[PDB]
Each structure stands twice: as C-alpha cells, then as structure tokens.
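**Q** Structure file start08.csv (CSV, N, CA and C atoms) right here:
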```csv
chain,number,residue,atom,x,y,z
A,24,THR,N,108.2,103.8,88.1
A,24,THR,CA,107.4,102.6,87.7
A,24,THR,C,107.3,101.6,88.9
A,25,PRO,N,106.3,101.8,89.7
A,25,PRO,CA,106.2,100.9,90.9
A,25,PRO,C,105.9,99.5,90.5
A,26,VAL,N,105.4,99.3,89.3
A,26,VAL,CA,105.1,97.9,88.8
A,26,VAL,C,106.4,97.1,88.6
A,27,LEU,N,107.5,97.7,88.2
A,27,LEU,CA,108.8,97.0,88.1
A,27,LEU,C,109.2,96.4,89.4
A,28,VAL,N,108.9,97.0,90.5
A,28,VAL,CA,109.3,96.4,91.8
A,28,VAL,C,108.6,95.1,92.0
A,29,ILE,N,107.4,95.0,91.7
A,29,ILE,CA,106.7,93.7,91.9
A,29,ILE,C,107.3,92.6,90.9
A,30,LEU,N,107.6,93.0,89.7
A,30,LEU,CA,108.2,92.0,88.8
A,30,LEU,C,109.5,91.4,89.3
A,31,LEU,N,110.3,92.2,89.9
A,31,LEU,CA,111.6,91.7,90.5
A,31,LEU,C,111.3,90.7,91.6
A,32,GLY,N,110.4,91.1,92.5
A,32,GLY,CA,110.1,90.2,93.6
A,32,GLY,C,109.5,88.9,93.1
A,33,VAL,N,108.7,88.9,92.1
A,33,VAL,CA,108.1,87.7,91.5
A,33,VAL,C,109.2,86.7,91.1
A,34,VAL,N,110.2,87.2,90.4
A,34,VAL,CA,111.3,86.3,89.9
A,34,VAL,C,111.9,85.6,91.1
A,35,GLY,N,112.2,86.4,92.2
A,35,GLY,CA,112.8,85.8,93.4
A,35,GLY,C,112.0,84.6,93.9
A,36,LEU,N,110.7,84.7,93.9
A,36,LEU,CA,109.8,83.6,94.4
A,36,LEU,C,110.1,82.4,93.6
A,37,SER,N,110.2,82.5,92.3
A,37,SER,CA,110.4,81.3,91.4
A,37,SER,C,111.7,80.5,91.9
A,38,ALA,N,112.8,81.2,92.1
A,38,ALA,CA,114.0,80.5,92.6
A,38,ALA,C,113.7,79.7,93.9
A,39,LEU,N,112.8,80.2,94.7
A,39,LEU,CA,112.4,79.4,95.9
A,39,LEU,C,111.0,78.8,95.8
A,40,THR,N,110.9,77.6,95.7
A,40,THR,CA,109.6,76.9,95.5
A,40,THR,C,109.5,75.6,96.3
A,41,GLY,N,110.2,75.5,97.4
A,41,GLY,CA,110.2,74.1,98.1
A,41,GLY,C,110.0,74.4,99.6
A,42,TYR,N,109.3,73.5,100.3
A,42,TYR,CA,109.1,73.7,101.7
A,42,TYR,C,110.4,73.5,102.5
A,43,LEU,N,110.4,73.8,103.8
A,43,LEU,CA,111.7,73.6,104.6
A,43,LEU,C,111.4,73.9,106.1
A,44,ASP,N,111.8,73.0,106.9
A,44,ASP,CA,111.6,73.1,108.4
A,44,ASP,C,112.4,74.3,108.9
A,45,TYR,N,112.3,74.6,110.2
A,45,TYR,CA,113.0,75.8,110.7
A,45,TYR,C,114.3,75.3,111.5
A,46,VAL,N,115.4,75.9,111.2
A,46,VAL,CA,116.7,75.5,111.9
A,46,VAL,C,117.0,76.5,113.0
A,47,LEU,N,118.3,76.7,113.2
A,47,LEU,CA,118.7,77.7,114.2
A,47,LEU,C,118.1,79.0,114.0
A,48,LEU,N,118.0,79.4,112.7
A,48,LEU,CA,117.4,80.8,112.4
A,48,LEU,C,116.8,80.8,111.0
A,49,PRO,N,115.5,81.0,110.9
A,49,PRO,CA,114.8,81.1,109.6
A,49,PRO,C,115.3,82.3,108.8
A,50,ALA,N,116.5,82.3,108.4
A,50,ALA,CA,117.0,83.5,107.7
A,50,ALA,C,116.2,83.7,106.4
A,51,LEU,N,115.7,82.6,105.8
A,51,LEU,CA,114.9,82.6,104.6
A,51,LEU,C,113.6,83.3,104.8
A,52,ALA,N,112.9,82.9,105.8
A,52,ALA,CA,111.5,83.5,106.2
A,52,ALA,C,111.7,85.0,106.4
A,53,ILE,N,112.7,85.4,107.1
A,53,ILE,CA,113.0,86.9,107.3
A,53,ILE,C,113.3,87.6,105.9
A,54,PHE,N,114.1,87.0,105.2
A,54,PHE,CA,114.5,87.6,103.8
A,54,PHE,C,113.2,87.9,103.0
A,55,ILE,N,112.3,86.9,103.0
A,55,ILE,CA,111.1,87.2,102.2
A,55,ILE,C,110.3,88.3,102.8
A,56,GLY,N,110.2,88.3,104.1
A,56,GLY,CA,109.4,89.4,104.8
A,56,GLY,C,110.0,90.8,104.4
A,57,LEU,N,111.3,91.0,104.5
A,57,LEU,CA,111.9,92.2,104.0
A,57,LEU,C,111.6,92.4,102.5
A,58,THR,N,111.7,91.4,101.7
A,58,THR,CA,111.5,91.5,100.3
A,58,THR,C,110.0,91.9,100.0
A,59,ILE,N,109.1,91.3,100.6
A,59,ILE,CA,107.7,91.7,100.3
A,59,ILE,C,107.4,93.0,100.9
A,60,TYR,N,107.9,93.3,102.1
A,60,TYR,CA,107.6,94.6,102.7
A,60,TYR,C,108.2,95.8,101.9
A,61,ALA,N,109.4,95.6,101.4
A,61,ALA,CA,110.0,96.6,100.5
A,61,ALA,C,109.2,96.8,99.2
A,62,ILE,N,108.8,95.7,98.7
A,62,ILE,CA,108.0,95.8,97.4
A,62,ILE,C,106.7,96.5,97.6
A,63,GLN,N,106.0,96.2,98.6
A,63,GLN,CA,104.7,96.9,98.9
A,63,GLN,C,104.9,98.3,99.1
A,64,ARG,N,105.9,98.7,99.9
A,64,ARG,CA,106.2,100.1,100.2
A,64,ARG,C,106.6,100.8,98.9
A,65,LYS,N,107.6,100.3,98.1
A,65,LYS,CA,108.0,100.9,96.9
A,65,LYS,C,106.8,101.0,95.9
A,66,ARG,N,106.0,100.0,95.8
A,66,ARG,CA,104.8,100.0,94.9
A,66,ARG,C,103.9,101.1,95.4
A,67,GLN,N,103.7,101.3,96.7
A,67,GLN,CA,102.8,102.4,97.2
A,67,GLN,C,103.2,102.7,98.6
A,68,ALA,N,103.1,103.9,99.0
A,68,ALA,CA,103.5,104.3,100.4
A,68,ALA,C,102.3,104.8,101.2
A,69,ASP,N,101.1,104.3,100.9
A,69,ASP,CA,99.9,104.7,101.6
A,69,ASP,C,99.6,106.2,101.4
```
I need this file expressed as structure tokens, please.

**A**
Amino acid sequence: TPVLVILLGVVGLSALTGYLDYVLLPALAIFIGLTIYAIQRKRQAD
C-alpha cells in the first residue's frame, strides 16, 4: 500500500508549520528532503 507512505509523511508536516531562518546547518530542510524523496520513491519507483 504505497498510499500509506504518503499518509505518514502528511502527519509529519503538521508537527512542523512555522517559518525559520537558516542557522549553522539547516538540518530541518534536509530532513524534509529525505522524507519527501523516500515517500515519492516508496509510493512509486518510476
């Protein structure tokens, strides 16, 4: 069920809903990139 993967990622976005400048390392921006990339791949692998 590739749809379940999108549901889990959707919940993570809810916990994070506020802007934020960039400090020494945007660990948050990278975390989302890996989260969205993994969800798109699991949902479908081309």

**Q** Could you tell me how far atom N of residue 27 (chain A) lies from atom N of residue 55 (chain A), in Å and to one decimal?

**A** 18.9 Å

**Q** Please identify which residues in chain A DSSP calls alpha helix (DSSP H) from the backbone, and express them as a PDB file with N, CA and C atoms, in the coordinates of the input.

**A**
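Output contents, as saved in result_5.pdb:
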```pdb
ATOM      1  N   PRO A  25     106.300 101.800  89.700  1.00  0.00           N
ATOM      2  CA  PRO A  25     106.200 100.900  90.900  1.00  0.00           C
ATOM      3  C   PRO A  25     105.900  99.500  90.500  1.00  0.00           C
ATOM      4  N   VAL A  26     105.400  99.300  89.300  1.00  0.00           N
ATOM      5  CA  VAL A  26     105.100  97.900  88.800  1.00  0.00           C
ATOM      6  C   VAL A  26     106.400  97.100  88.600  1.00  0.00           C
ATOM      7  N   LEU A  27     107.500  97.700  88.200  1.00  0.00           N
ATOM      8  CA  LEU A  27     108.800  97.000  88.100  1.00  0.00           C
ATOM      9  C   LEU A  27     109.200  96.400  89.400  1.00  0.00           C
ATOM     10  N   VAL A  28     108.900  97.000  90.500  1.00  0.00           N
ATOM     11  CA  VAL A  28     109.300  96.400  91.800  1.00  0.00           C
ATOM     12  C   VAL A  28     108.600  95.100  92.000  1.00  0.00           C
ATOM     13  N   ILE A  29     107.400  95.000  91.700  1.00  0.00           N
ATOM     14  CA  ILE A  29     106.700  93.700  91.900  1.00  0.00           C
ATOM     15  C   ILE A  29     107.300  92.600  90.900  1.00  0.00           C
ATOM     16  N   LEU A  30     107.600  93.000  89.700  1.00  0.00           N
ATOM     17  CA  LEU A  30     108.200  92.000  88.800  1.00  0.00           C
ATOM     18  C   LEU A  30     109.500  91.400  89.300  1.00  0.00           C
ATOM     19  N   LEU A  31     110.300  92.200  89.900  1.00  0.00           N
ATOM     20  CA  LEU A  31     111.600  91.700  90.500  1.00  0.00           C
ATOM     21  C   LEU A  31     111.300  90.700  91.600  1.00  0.00           C
ATOM     22  N   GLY A  32     110.400  91.100  92.500  1.00  0.00           N
ATOM     23  CA  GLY A  32     110.100  90.200  93.600  1.00  0.00           C
ATOM     24  C   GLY A  32     109.500  88.900  93.100  1.00  0.00           C
ATOM     25  N   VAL A  33     108.700  88.900  92.100  1.00  0.00           N
ATOM     26  CA  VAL A  33     108.100  87.700  91.500  1.00  0.00           C
ATOM     27  C   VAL A  33     109.200  86.700  91.100  1.00  0.00           C
ATOM     28  N   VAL A  34     110.200  87.200  90.400  1.00  0.00           N
ATOM     29  CA  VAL A  34     111.300  86.300  89.900  1.00  0.00           C
ATOM     30  C   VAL A  34     111.900  85.600  91.100  1.00  0.00           C
ATOM     31  N   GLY A  35     112.200  86.400  92.200  1.00  0.00           N
ATOM     32  CA  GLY A  35     112.800  85.800  93.400  1.00  0.00           C
ATOM     33  C   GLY A  35     112.000  84.600  93.900  1.00  0.00           C
ATOM     34  N   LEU A  36     110.700  84.700  93.900  1.00  0.00           N
ATOM     35  CA  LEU A  36     109.800  83.600  94.400  1.00  0.00           C
ATOM     36  C   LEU A  36     110.100  82.400  93.600  1.00  0.00           C
ATOM     37  N   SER A  37     110.200  82.500  92.300  1.00  0.00           N
ATOM     38  CA  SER A  37     110.400  81.300  91.400  1.00  0.00           C
ATOM     39  C   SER A  37     111.700  80.500  91.900  1.00  0.00           C
ATOM     40  N   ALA A  38     112.800  81.200  92.100  1.00  0.00           N
ATOM     41  CA  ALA A  38     114.000  80.500  92.600  1.00  0.00           C
ATOM     42  C   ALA A  38     113.700  79.700  93.900  1.00  0.00           C
ATOM     43  N   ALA A  50     116.500  82.300 108.400  1.00  0.00           N
ATOM     44  CA  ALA A  50     117.000  83.500 107.700  1.00  0.00           C
ATOM     45  C   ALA A  50     116.200  83.700 106.400  1.00  0.00           C
ATOM     46  N   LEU A  51     115.700  82.600 105.800  1.00  0.00           N
ATOM     47  CA  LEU A  51     114.900  82.600 104.600  1.00  0.00           C
ATOM     48  C   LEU A  51     113.600  83.300 104.800  1.00  0.00           C
ATOM     49  N   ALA A  52     112.900  82.900 105.800  1.00  0.00           N
ATOM     50  CA  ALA A  52     111.500  83.500 106.200  1.00  0.00           C
ATOM     51  C   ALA A  52     111.700  85.000 106.400  1.00  0.00           C
ATOM     52  N   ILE A  53     112.700  85.400 107.100  1.00  0.00           N
ATOM     53  CA  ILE A  53     113.000  86.900 107.300  1.00  0.00           C
ATOM     54  C   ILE A  53     113.300  87.600 105.900  1.00  0.00           C
ATOM     55  N   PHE A  54     114.100  87.000 105.200  1.00  0.00           N
ATOM     56  CA  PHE A  54     114.500  87.600 103.800  1.00  0.00           C
ATOM     57  C   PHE A  54     113.200  87.900 103.000  1.00  0.00           C
ATOM     58  N   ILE A  55     112.300  86.900 103.000  1.00  0.00           N
ATOM     59  CA  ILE A  55     111.100  87.200 102.200  1.00  0.00           C
ATOM     60  C   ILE A  55     110.300  88.300 102.800  1.00  0.00           C
ATOM     61  N   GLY A  56     110.200  88.300 104.100  1.00  0.00           N
ATOM     62  CA  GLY A  56     109.400  89.400 104.800  1.00  0.00           C
ATOM     63  C   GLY A  56     110.000  90.800 104.400  1.00  0.00           C
ATOM     64  N   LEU A  57     111.300  91.000 104.500  1.00  0.00           N
ATOM     65  CA  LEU A  57     111.900  92.200 104.000  1.00  0.00           C
ATOM     66  C   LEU A  57     111.600  92.400 102.500  1.00  0.00           C
ATOM     67  N   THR A  58     111.700  91.400 101.700  1.00  0.00           N
ATOM     68  CA  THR A  58     111.500  91.500 100.300  1.00  0.00           C
ATOM     69  C   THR A  58     110.000  91.900 100.000  1.00  0.00           C
ATOM     70  N   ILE A  59     109.100  91.300 100.600  1.00  0.00           N
ATOM     71  CA  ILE A  59     107.700  91.700 100.300  1.00  0.00           C
ATOM     72  C   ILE A  59     107.400  93.000 100.900  1.00  0.00           C
ATOM     73  N   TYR A  60     107.900  93.300 102.100  1.00  0.00           N
ATOM     74  CA  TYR A  60     107.600  94.600 102.700  1.00  0.00           C
ATOM     75  C   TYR A  60     108.200  95.800 101.900  1.00  0.00           C
ATOM     76  N   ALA A  61     109.400  95.600 101.400  1.00  0.00           N
ATOM     77  CA  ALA A  61     110.000  96.600 100.500  1.00  0.00           C
ATOM     78  C   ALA A  61     109.200  96.800  99.200  1.00  0.00           C
ATOM     79  N   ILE A  62     108.800  95.700  98.700  1.00  0.00           N
ATOM     80  CA  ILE A  62     108.000  95.800  97.400  1.00  0.00           C
ATOM     81  C   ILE A  62     106.700  96.500  97.600  1.00  0.00           C
ATOM     82  N   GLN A  63     106.000  96.200  98.600  1.00  0.00           N
ATOM     83  CA  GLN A  63     104.700  96.900  98.900  1.00  0.00           C
ATOM     84  C   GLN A  63     104.900  98.300  99.100  1.00  0.00           C
ATOM     85  N   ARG A  64     105.900  98.700  99.900  1.00  0.00           N
ATOM     86  CA  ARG A  64     106.200 100.100 100.200  1.00  0.00           C
ATOM     87  C   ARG A  64     106.600 100.800  98.900  1.00  0.00           C
ATOM     88  N   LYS A  65     107.600 100.300  98.100  1.00  0.00           N
ATOM     89  CA  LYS A  65     108.000 100.900  96.900  1.00  0.00           C
ATOM     90  C   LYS A  65     106.800 101.000  95.900  1.00  0.00           C
ATOM     91  N   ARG A  66     106.000 100.000  95.800  1.00  0.00           N
ATOM     92  CA  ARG A  66     104.800 100.000  94.900  1.00  0.00           C
ATOM     93  C   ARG A  66     103.900 101.100  95.400  1.00  0.00           C
TER      94      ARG A  66
END
```

**Q** Could you jot down the CA of residue 32 (chain A) to atom C of residue 62 (chain A) separation for me, Å, one decimal place?

**A**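 Distance reported for this atom pair: 8.2 Å.
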
**Q** Have a look at atom N of residue 68 (chain A) and atom C of residue 50 (chain A) and let me know their distance in Å, one decimal.

**A**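 Computed distance, atom N of residue 68 (chain A) to atom C of residue 50 (chain A), equals 25.2 Å.
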
**Q** Which residues are near residue 28 (chain A)? Cut-off 12 Å, only C-alpha atoms, ignore same chain within fewer than 6 positions. Put them as a PyMOL selection string.

**A** chain A and resi 34-35+58-67
